[PDB]
There are 4 protein chains.
Amino acid sequence: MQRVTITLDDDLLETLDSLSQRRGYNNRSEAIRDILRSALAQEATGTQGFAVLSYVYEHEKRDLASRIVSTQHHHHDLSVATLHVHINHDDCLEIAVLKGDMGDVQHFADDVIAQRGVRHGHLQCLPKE
Amino acid sequence: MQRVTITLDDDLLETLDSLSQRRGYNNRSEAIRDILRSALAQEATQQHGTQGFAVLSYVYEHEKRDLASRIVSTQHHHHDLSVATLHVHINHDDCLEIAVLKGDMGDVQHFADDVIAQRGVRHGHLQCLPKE
Amino acid sequence: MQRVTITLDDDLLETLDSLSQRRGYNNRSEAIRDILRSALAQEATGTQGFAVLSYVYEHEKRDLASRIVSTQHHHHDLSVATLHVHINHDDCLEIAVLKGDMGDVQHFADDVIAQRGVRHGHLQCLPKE
Amino acid sequence: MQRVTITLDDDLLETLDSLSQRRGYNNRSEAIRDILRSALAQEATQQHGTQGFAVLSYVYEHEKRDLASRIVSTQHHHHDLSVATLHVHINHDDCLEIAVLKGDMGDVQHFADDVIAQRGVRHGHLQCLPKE
Ligand SMILES: OC[C@H]1O[C@H](O[C@H]2[C@H](O)[C@@H](O)[C@H](OCCCC3CCCCC3)O[C@@H]2CO)[C@H](O)[C@@H](O)[C@@H]1O
Ligand SMILES: OC[C@H]1O[C@H](O[C@H]2[C@H](O)[C@@H](O)[C@H](OCCCC3CCCCC3)O[C@@H]2CO)[C@H](O)[C@@H](O)[C@@H]1O
Ligand code: NI
Ligand code: NI
Ligand code: NI
Ligand code: NI
Ligand code: NI
Ligand code: NI
Ligand code: NI
Ligand code: NI
Ligand code: NI
Ligand code: NI
Ligand code: NI
Ligand code: NI
Ligand code: NI
Ligand code: NI
Ligand code: NI
Ligand code: NI
Ligand code: NI
Ligand code: NI
Ligand code: NI
Ligand code: NI
Ligand code: NI
Ligand code: NI
């Protein structure tokens, strides 16, 4: 067993402690060691497949409604279908199911979320494997 | 029962006959009686004061005139009637969209119009399933 | 202008009259003439395109949940994606978006709705034209 | 601020290093600090007593063992948490499904488990967007 010293800010530690107590850990190291185990295990996650793109945006702002649909049409091949739920008067929750090469999928995601007016962008890839 | 006579013009009649022919009908009363029942029956499912769910389909060419931004804005104005919308990019220009609505079958009718009656939207189609 | 005499049962006429009065028609003929106009106009509705299949079914009954998904997988090519809303504890509202030759679409619809356990089956075809 | 020392075993560490390498990290505190914040932050969005919406994705092979009938039955048991589910037939065996949920972020967590924790379901993934 090796050792590693990290520096953490007060608020993070305050939440982490609140959690280590309740979740039944003897101390910070024990609790952090556990989060690492799960997190790294998820890193066991090739060129083609499907993907789920989630994100929230406001239809008005920079005419995003039109922009995001136009964008998706430029890559309509990669697009399978898009689910959309109106959450409030301004925001919209959208989920685009994508098919094709992961490279194209990665690019598609950027065209949609890496821009002003879009929040909570999330992309899960499901490669053929 | 009760017999009723309808006054039809030469044109409307030549129509009812070629289409009834194509659809296997050999008799006008039958062709007309079904069209009628089919109508009044759909007329029903739409009444106000009845709850339920509905399916609204339609195709639109996103570019035109902010139909995307206006179609989406219209659904937000009535967000309480919307459950979720499914959109499929048909080709570089056409958008197939399907919206599930729940609530008063009446208000739904309105909603279908506010959208289906928008310059640029075609193939509109509603289907109300009263909660029974 | 030609003439056509049809026979209608009491209840239908009772609804039709209630309607002709309120909707402002002078009589049955005037009201029926109007329904015909619209109905026949809709008959202006070739081999390929998309379609929307709607229907309601109860997940339990004859294991429909599994059957309808298995069915759709036999024709997964014609299937683009399927929306599903749980309406109550027993019934489900499902809408399948279909792509392909109308012939295949017509067949697909029968495999899904023309059977016990399924209600309100509806199919709108959108051919490439 | 505050410095903390973690006791790691040779294996967990060789892991954190090859994966941090692949991801461009050159320092362990940074690799670990982000993993941590990312975790506690997601831990948050899930609390009970907060409303909102969520996205639940997962893949399943419909045949297996009535996973179709059981997955769908489970969603009906909690129908109030469901908004709508989107299903895509990946291939002759795999079903990609996406369910939108709204309500207490807490109950949602449960729901994700009742399904994601079903023999035959893989690639499960939740994303809670607290109504703020
Ligand atoms: O688009 C990718 C995702 O990016 C962010 O989450 C990332 C976060 O930005 C990243 O820092 C973390 O990785 C933790 C950093 C640890 C690395 C991986 C393992 C080896 C060492 C570095 O993963 C999460 C998702 O799981 C967003 O919060 C999420 O909504 C989005 O979908
Ligand atoms: O699957 C096709 C549709 O079949 C039924 O509606 C049909 C009805 O069964 C038919 O009888 C009527 O046609 C009226 C009969 C008139 C014919 C057409 C014109 C020429 C003469 C005959 O159309 C409606 C739909 O529009 C169902 O109620 C509907 O949910 C379903 O989607
Ligand atoms: Ni050691
Ligand atoms: Ni193209
Ligand atoms: Ni919206
Ligand atoms: Ni409101
Ligand atoms: Ni691009
Ligand atoms: Ni996989
Ligand atoms: Ni009589
Ligand atoms: Ni589109
Ligand atoms: Ni309105
Ligand atoms: Ni119809
Ligand atoms: Ni019914
Ligand atoms: Ni005449
Ligand atoms: Ni095949
Ligand atoms: Ni259901
Ligand atoms: Ni209930
Ligand atoms: Ni078949
Ligand atoms: Ni057309
Ligand atoms: Ni300090
Ligand atoms: Ni499937
Ligand atoms: Ni439960
Ligand atoms: Ni995530
Ligand atoms: Ni937010």
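All ligand and atom numbering here is 1-based and tracks the order in the structure. The chains referred to below are lettered A, B, ... by the order of the sequence lines, with proteins before strands, and numbering in each begins at 1. Every heavy atom of this structure was used, including side-chain atoms; hydrogens, water molecules and symmetry mates were not.
Among the atoms of D:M1, an N, O or S atom is found under 2.8 Å from the Ni ion (ligand 20). Residue contact annotation: A:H74 places no N/O/S atom under 2.8 Å from the Ni ion (ligand 4).
Note: A:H86 and A:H84 meet the aromatic proximity criterion, with ring centroids under 6.0 Å apart. Note: A:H59 and B:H76 meet the aromatic proximity criterion, with ring centroids under 6.0 Å apart.
Shortest distance from the Ni ion (ligand 4) to A:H76 is reached at NE2 (N/O/S atoms only).
Within the 3.5 Å criterion, the main-chain N or O of D:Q42 finds a donor-acceptor partner in the side chain of D:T45.
Taking 4.0 Å as the cut-off between side-chain N and carboxylate O, C:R37 and C:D34 do not count as a salt-bridged pair.
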